[PDB]
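Engineer: There's a structure below that I have some questions on.
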Amino acid sequence: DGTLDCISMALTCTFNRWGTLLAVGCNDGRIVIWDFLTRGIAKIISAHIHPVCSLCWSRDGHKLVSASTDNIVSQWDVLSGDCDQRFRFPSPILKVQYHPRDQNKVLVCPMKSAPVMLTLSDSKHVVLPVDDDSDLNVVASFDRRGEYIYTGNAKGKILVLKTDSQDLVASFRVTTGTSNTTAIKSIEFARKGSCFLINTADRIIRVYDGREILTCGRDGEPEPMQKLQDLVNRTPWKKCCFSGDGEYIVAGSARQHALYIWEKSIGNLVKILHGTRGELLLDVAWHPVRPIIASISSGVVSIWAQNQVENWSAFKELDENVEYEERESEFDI
Amino acid sequence: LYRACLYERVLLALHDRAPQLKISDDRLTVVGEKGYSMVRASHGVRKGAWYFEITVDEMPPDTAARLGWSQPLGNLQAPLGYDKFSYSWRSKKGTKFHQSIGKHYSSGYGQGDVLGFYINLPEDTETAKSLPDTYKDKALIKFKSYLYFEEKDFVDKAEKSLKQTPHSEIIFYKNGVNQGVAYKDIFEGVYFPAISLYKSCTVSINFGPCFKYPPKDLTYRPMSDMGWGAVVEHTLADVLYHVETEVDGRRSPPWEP
């Protein structure tokens with residue numbers, strides 16, 4: 001539905017705060033900041049020699065946190081492209097995430113170690129707690145306002161901490177239905193409201209409302225707002241994301257390189273988008289204020305927009321025949 | 001063959017209604033759904049003076065029936081007065097409508113009006129001043145499941161000269177009370193009582209023997225009387241046509257009647 005030839009080795013992308021720019025990582029380890037309106041590249045940053053697998057914009061948009069595969073995280077000013085700060089860790093980093101309401105702070109999910117929240121002003125770090133002490137794979141994310149931290153382990157356990165004190169404000173383990181746990185693949189939140197989603201190893205996305213987890217307390221049984229899956233193919237989900245408003249949810253079937261689109265309230269599947277059967281789906285993102293969806297597959301990015309009835313359909317356009325309502329004086333002088 | 005009419009009394013002929021015109025024989029009321037339409041009675045006047053009524057059973061604001069007379073050539077989809085061969089009244093305010101022209105030379109109309117309609121056309125002498133021969137056409141057809149007869153009707157007249165039938169007139173009454181003269185200028189050609197419907201209008205025509213405020217004239221005739229008169233006349237028409245084609249010769253008495 002529209003691709004870009006000007007970028008190669010697309011690996012990970014991230015919309016800015018207003019959905020005007022897109023920073024995509026490349027295998028060479030370069031940042032390609034490409035613009036939507038001019039439909040061209042806005043910037044090229046020599047980030048790492050190692051490909052970049054995690055990228056996040058700052059709220060003001062002037063900072064981008066990038067993670068190399070060399071366990072090298074670095075902050076870059078979008079105007080200049082300089083490495084503002086640079087750090088390295090053990091257990092290679094799985095993800096970075098700016099704090100949405102404090103760009104000085106940034107959480108980092110490493111591979112084998114617990115996620116740690118650092119600051120840029122001071123090169124300090126706060127190691128977030130781990131429930132089972134043996135997960136070795138815990139994804140973590142700020143909420144919409146950056147007030148709480150949601151951490152999900154490979155054993156389905158879900159901890160909600162407060163971002164400042166790291167104190168356990170809520171907890172619950174998700175189930176595979178019967179009695180078993182499932183590897184929490186990812187935690188996503190809505191940029192609007194409080195609904196969030198969890199991708200798990202059961203190939204079943206679970207949509208909740210964080211207020212219900214907060215009122216559920218520690219070690220409770222919160223039910224999901226929704227349960228979403230491909231009941232037909234039972235396909236895993238490499239990457240999923242909400243819509244900009246938060247009423248549409250998309251999942252990327254890397255198994256068959258497709259895109260499933262459900263709703264939030266009803267949860268019925270909006271639609272499906274099919275990509276090149278030969279392409280391996282890698283990354284998925286939604287335009288924050290547009291029905292536009294960016295996909296990264298086999299190093300190539302594709303764009304999926306959604307237009308209205310007009311752009312040619314605007315006499316007064318009607319859809320179905322209209323019986324004329326004759327009047328009393330319809331034949332009168 | 002014969003022109004036998006599917007009617008117990010002289011009623012609104014179903015043969016001369018539009019496909020968008022509904023009837024209820026509980027009161028023989030007529031109703032429609034979209035715009036205007038026109039229906040006519042079974043009979044048709046050619047001479048003399050006569051009289052009938054229309055009873056209105058439903059008149060919402062977006063419901064305006066029209067009631068009057070119309071000659072053949074009257075397109076039954078038009079609102080009874082759109083052409084020069086029809087003269088009616090609009091049932092919102094008493095307004096005479098002819099040639100689609102509305103005239104306020106009339107009284108006021110009421111929602112529950114039982115309106116009387118008097119009309120006098122001259123004898124066929126002053127109507128034709130010549131032969132009023134009635135050589136009829138008759139064609140047999142077998143439509144989907146029933147037999148029917150086709151005849152040739154008159155053609156759209158381009159008449160633009162005014163030659164009113166002598167001493168012919170139309171008078172309108174509200175419950176017998178004289179609403180006044182409607183049209184003195186009456187063109188030649190047979191006329192029949194007609195009803196036009198707007199969106200969901202409920203009105204019905206009615207004859208004389210069950211009347212409410214009838215005139216006591218000894219010359220005017222109810223709907224039923226002229227009805228069986230015309231029925232017998234068309235019976236004789238069939239008689240004479242089968243005579244013509246079947247037996248040599250024809251002969252009729254001293255012409256005057």
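Naming scheme: A, B, ... for chains in displayed order of the structure tokens; residues 1 onward per chain; ligands 1 onward as shown.
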Determine, using only C-alpha atoms, which residues of chain A have any atom at most 10 Å from an atom of chain B, and tabulate each with its shortest atom pair and distance in Å to one decimal place, rows ordered by chain and then rising number, as JSON lines.
Structural biologist:
{"residue": "A:323", "atom": "CA", "partner": "B:34", "partner_atom": "CA", "distance": 8.6}
{"residue": "A:324", "atom": "CA", "partner": "B:34", "partner_atom": "CA", "distance": 8.1}
{"residue": "A:325", "atom": "CA", "partner": "B:34", "partner_atom": "CA", "distance": 6.8}
{"residue": "A:326", "atom": "CA", "partner": "B:35", "partner_atom": "CA", "distance": 4.5}
{"residue": "A:327", "atom": "CA", "partner": "B:35", "partner_atom": "CA", "distance": 6.5}
{"residue": "A:328", "atom": "CA", "partner": "B:64", "partner_atom": "CA", "distance": 6.1}
{"residue": "A:329", "atom": "CA", "partner": "B:64", "partner_atom": "CA", "distance": 8.9}
{"residue": "A:330", "atom": "CA", "partner": "B:35", "partner_atom": "CA", "distance": 7.7}
{"residue": "A:331", "atom": "CA", "partner": "B:100", "partner_atom": "CA", "distance": 7.1}
{"residue": "A:332", "atom": "CA", "partner": "B:100", "partner_atom": "CA", "distance": 6.2}
{"residue": "A:333", "atom": "CA", "partner": "B:101", "partner_atom": "CA", "distance": 6.4}
Engineer: With a distance cut-off of 12 Å and only C-alpha atoms, select the neighbouring residues of segment 220-222 of chain B, excluding the residue or stretch itself and same-chain residues fewer than 5 positions from it, and output the selection as a PyMOL selection string.
Structural biologist: chain B and resi 9-10+43-45+47-53+116-121+193+205-211+214-215+227-229
Engineer: Rounded to one decimal place, report the atom CA of residue 55 of chain A-atom CA of residue 38 of chain A distance in Å.
Structural biologist: 21.9 Å
Engineer: With only C-alpha atoms as the counted atoms, please give the residues lying no more than 7 Å from segment 115-119 of chain A, apart from itself and same-chain residues fewer than 6 positions off, as a PyMOL selection string.
Structural biologist: chain A and resi 104-109+125-128+140
Engineer: For residue 230 of chain B, please output as a list in words all residues within 12 Å (counting only C-alpha atoms; exclusion window: fewer than 3 positions along the same chain).
Structural biologist: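 Answer for this query is residues 3, 4, 5, 10, 42, 43, 44, 45, 46, 47, 190, 192, 223, 224, 225, 226, 227, 233, 234, 235, 236 and 237 of chain B.
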Engineer: Identify, with DSSP run on backbone atoms, the residues in segment 148-262 of chain A assigned to helix (DSSP H, G or I), and express the list as a VMD selection string.
Structural biologist: chain A and resid 210 to 216
Engineer: Which one is closest to residue 2 of chain B: B:150, B:16, B:185, B:256? Count only C-alpha atoms.
Structural biologist: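 Selected residue with least distance to residue 2 of chain B: B:150.
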Engineer: Could you name the residues that touch residue 76 of chain A at 7 Å or less, counting only C-alpha atoms, but leaving out those on the same chain fewer than 4 positions away, as a compact mmCIF listing (two decimals) with C-alpha atoms, in the first residue's frame?
Structural biologist:
# COMPACT_ATOMS: atom_id res chain seq x y z
CA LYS A 63 15.94 13.36 21.67
CA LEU A 64 16.00 9.77 20.45
CA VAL A 65 17.22 6.82 22.49
CA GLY A 81 22.63 13.69 15.46
CA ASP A 82 25.25 13.79 18.22
CA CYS A 83 25.56 10.99 20.77
CA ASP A 84 24.32 12.91 23.80
Engineer: Within 7 Å of residue 204 of chain A, counting only C-alpha atoms, which residues show up once you throw out same-chain ones fewer than 4 positions away? Write them as number ranges by chain, please.
Structural biologist: A: 199-200, 227-229
Engineer: Could you pull out the strand (DSSP E or B) residues of segment 166-244 of chain A, going by DSSP on the backbone, and write them as a VMD selection string?
Structural biologist: chain A and resid 168 to 173 184 to 189 195 to 200 205 to 209 226 to 228 239 to 242
Engineer: Pull N, CA and C atoms from the residues just selected and write them as a compact mmCIF listing (two decimals), in the first residue's frame.
Structural biologist:
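Now in out_24.txt:
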# COMPACT_ATOMS: atom_id res chain seq x y z
N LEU A 168 5.58 -2.26 44.76
CA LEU A 168 4.59 -3.12 44.11
C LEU A 168 3.20 -2.57 44.37
N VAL A 169 2.62 -1.91 43.37
CA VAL A 169 1.28 -1.35 43.55
C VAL A 169 0.19 -2.29 43.05
N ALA A 170 0.53 -3.28 42.24
CA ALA A 170 -0.44 -4.28 41.80
C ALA A 170 0.32 -5.51 41.30
N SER A 171 -0.38 -6.63 41.23
CA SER A 171 0.24 -7.86 40.76
C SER A 171 -0.84 -8.86 40.38
N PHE A 172 -0.52 -9.69 39.39
CA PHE A 172 -1.35 -10.82 39.00
C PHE A 172 -0.63 -11.62 37.93
N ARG A 173 -0.89 -12.92 37.90
CA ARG A 173 -0.33 -13.78 36.87
C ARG A 173 -1.40 -14.12 35.84
N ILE A 184 5.39 -13.69 28.63
CA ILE A 184 4.87 -12.38 28.26
C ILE A 184 5.75 -11.84 27.14
N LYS A 185 5.23 -11.84 25.92
CA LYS A 185 6.03 -11.39 24.79
C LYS A 185 6.26 -9.88 24.85
N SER A 186 5.22 -9.12 25.19
CA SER A 186 5.34 -7.67 25.17
C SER A 186 4.15 -7.04 25.89
N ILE A 187 4.37 -5.82 26.38
CA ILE A 187 3.35 -4.99 27.01
C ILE A 187 3.26 -3.69 26.24
N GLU A 188 2.07 -3.35 25.77
CA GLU A 188 1.85 -2.08 25.09
C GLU A 188 0.75 -1.31 25.80
N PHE A 189 0.79 0.00 25.67
CA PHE A 189 -0.19 0.88 26.27
C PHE A 189 -0.80 1.78 25.20
N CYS A 195 -6.46 1.96 28.46
CA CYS A 195 -6.46 0.59 27.99
C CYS A 195 -5.07 0.21 27.50
N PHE A 196 -4.64 -1.00 27.86
CA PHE A 196 -3.34 -1.50 27.43
C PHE A 196 -3.51 -2.95 26.99
N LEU A 197 -2.49 -3.47 26.32
CA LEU A 197 -2.53 -4.81 25.75
C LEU A 197 -1.28 -5.57 26.15
N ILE A 198 -1.40 -6.90 26.13
CA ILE A 198 -0.29 -7.80 26.39
C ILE A 198 -0.25 -8.82 25.27
N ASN A 199 0.91 -8.94 24.62
CA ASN A 199 1.19 -10.05 23.73
C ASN A 199 1.92 -11.12 24.51
N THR A 200 1.44 -12.35 24.40
CA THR A 200 1.96 -13.47 25.17
C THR A 200 2.33 -14.61 24.24
N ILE A 205 -3.60 -12.13 22.45
CA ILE A 205 -3.44 -10.78 22.98
C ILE A 205 -4.53 -10.54 24.02
N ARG A 206 -4.13 -9.98 25.15
CA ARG A 206 -5.04 -9.73 26.26
C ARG A 206 -5.09 -8.24 26.53
N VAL A 207 -6.27 -7.66 26.37
CA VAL A 207 -6.47 -6.23 26.54
C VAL A 207 -7.10 -5.99 27.90
N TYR A 208 -6.50 -5.10 28.68
CA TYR A 208 -6.97 -4.75 30.01
C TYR A 208 -7.11 -3.24 30.12
N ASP A 209 -7.68 -2.81 31.24
CA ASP A 209 -7.72 -1.41 31.63
C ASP A 209 -6.96 -1.28 32.95
N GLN A 226 -10.42 -7.58 26.72
CA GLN A 226 -10.67 -8.33 25.50
C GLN A 226 -9.63 -9.43 25.35
N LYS A 227 -10.01 -10.46 24.60
CA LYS A 227 -9.11 -11.55 24.22
C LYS A 227 -9.12 -11.63 22.71
N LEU A 228 -7.94 -11.60 22.10
CA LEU A 228 -7.82 -11.44 20.66
C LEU A 228 -6.84 -12.45 20.11
N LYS A 239 4.76 -8.46 16.62
CA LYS A 239 4.63 -7.10 17.13
C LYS A 239 3.19 -6.63 16.93
N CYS A 240 2.65 -5.96 17.94
CA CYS A 240 1.29 -5.45 17.90
C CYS A 240 1.29 -4.01 18.39
N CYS A 241 0.23 -3.29 18.06
CA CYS A 241 0.10 -1.94 18.60
C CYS A 241 -1.34 -1.45 18.49
N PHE A 242 -1.69 -0.53 19.38
CA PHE A 242 -3.00 0.12 19.35
C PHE A 242 -3.10 1.05 18.15
Engineer: Please provide as a VMD selection string all residues within 10 Å of residue 300 of chain A, with the sequence filter that same-chain residues fewer than 5 positions apart are discarded (counting only C-alpha atoms).
Structural biologist: chain A and resid 3 to 11 279 to 282 295
Engineer: Grab the residues selected above and save them as a short mmCIF file (atom, residue, chain, number, x, y, z; two decimals), in the first residue's frame with N, CA, C and O atoms.
Structural biologist:
data_model
loop_
_atom_site.label_atom_id
_atom_site.label_comp_id
_atom_site.auth_asym_id
_atom_site.auth_seq_id
_atom_site.Cartn_x
_atom_site.Cartn_y
_atom_site.Cartn_z
N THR A 3 5.43 1.81 -0.40
CA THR A 3 6.71 1.56 0.24
C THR A 3 7.67 2.71 -0.06
O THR A 3 7.35 3.65 -0.79
N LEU A 4 8.87 2.60 0.50
CA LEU A 4 9.92 3.61 0.36
C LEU A 4 11.19 2.94 -0.11
O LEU A 4 11.71 2.04 0.56
N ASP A 5 11.71 3.37 -1.27
CA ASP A 5 12.94 2.82 -1.81
C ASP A 5 14.18 3.47 -1.22
O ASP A 5 15.28 2.91 -1.33
N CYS A 6 14.04 4.64 -0.59
CA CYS A 6 15.18 5.44 -0.18
C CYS A 6 15.85 4.93 1.09
O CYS A 6 16.94 5.41 1.42
N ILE A 7 15.25 3.99 1.80
CA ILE A 7 15.84 3.42 3.01
C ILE A 7 16.05 1.94 2.79
O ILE A 7 15.24 1.27 2.13
N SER A 8 17.14 1.42 3.33
CA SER A 8 17.46 0.00 3.24
C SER A 8 17.75 -0.54 4.63
O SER A 8 18.04 0.21 5.56
N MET A 9 17.64 -1.86 4.76
CA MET A 9 17.93 -2.57 6.01
C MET A 9 17.02 -2.11 7.14
O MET A 9 17.44 -2.09 8.30
N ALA A 10 15.78 -1.75 6.82
CA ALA A 10 14.84 -1.35 7.85
C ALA A 10 14.70 -2.45 8.89
O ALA A 10 14.42 -3.60 8.55
N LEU A 11 14.93 -2.11 10.15
CA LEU A 11 14.86 -3.07 11.24
C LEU A 11 13.88 -2.68 12.32
O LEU A 11 13.13 -3.53 12.81
N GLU A 279 8.07 -12.07 2.17
CA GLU A 279 8.68 -11.16 3.13
C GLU A 279 8.48 -11.66 4.56
O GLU A 279 7.40 -12.14 4.92
N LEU A 280 9.53 -11.53 5.37
CA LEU A 280 9.47 -11.89 6.78
C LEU A 280 9.14 -10.64 7.58
O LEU A 280 9.94 -9.70 7.65
N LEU A 281 7.95 -10.63 8.19
CA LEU A 281 7.51 -9.47 8.95
C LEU A 281 8.34 -9.30 10.22
O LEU A 281 8.56 -10.26 10.96
N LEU A 282 8.80 -8.08 10.46
CA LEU A 282 9.67 -7.80 11.60
C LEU A 282 9.08 -6.77 12.56
O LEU A 282 9.02 -7.04 13.76
N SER A 295 5.11 -0.71 8.39
CA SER A 295 5.52 -2.10 8.53
C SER A 295 6.96 -2.24 8.05
O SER A 295 7.34 -1.66 7.03
#
Engineer: So which one's closest to residue 67 of chain A, A:144, A:211, A:290, A:50? Using only C-alpha atoms, please.
Structural biologist: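 The closest residue to residue 67 of chain A is A:50.
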